[PDB]
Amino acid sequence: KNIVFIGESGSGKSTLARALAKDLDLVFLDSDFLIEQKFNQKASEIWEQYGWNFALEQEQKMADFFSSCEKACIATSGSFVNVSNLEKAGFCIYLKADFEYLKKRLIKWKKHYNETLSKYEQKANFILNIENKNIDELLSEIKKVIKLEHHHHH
């Protein structure tokens, strides 16, 4: 019983998760924030100091942590998609947009983006096309989807 936002950098996961957490009265968890608070260091500095393997392990620990808790609204990192069984974090909302759209709101990245699109679509409980929508439109659509979930029945 978590709401879990997944998608690529630039998709607005942090902004949406926070607002929704406040509206639905849930615990707001931001993956990058939690990692940075633990290490007292920016995420990129963590990656550079400890190596990609350590960094990925931290991402996995965050994913496992998300799968353990309840009543949270979670913004996941750009690495979440690659962890083991990421759909177990809760009800997943994929914030979908094309590469050019995401790029403007922020190479190897394109490679990552191309190969990861299918994983997001598979893990999503709900796919939300975010292009050209303001925050209130997005929140409205998400709140409807959550109400539909909690209507069946519960």
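We number the residues from 1 along the sequence you see.
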Review point. Per the entry, how many residues of the deposited chain go unmodelled between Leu106 and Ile107: none, 1 to 3, 4 to 9, or 10 or more?
Key: 10 or more
Review point. Comparing 88-96 with 40-48, which stretch shows the greater average C-alpha B-factor in the deposited entry?
Key: 40-48
Exercise for review: Decide which of the stretches 97-105 and 23-31 has the higher mean C-alpha B-factor, going by the entry.
Suggested key: 97-105
Check your understanding: Whose CA atom has the top B-factor in the entry, of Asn129, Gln58, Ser68, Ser118?
Key -> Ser118
Exercise for review: Could you say whether, by C-alpha temperature factor, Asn82 belongs to the lowest, middle or highest third of its chain?
Suggested key: highest
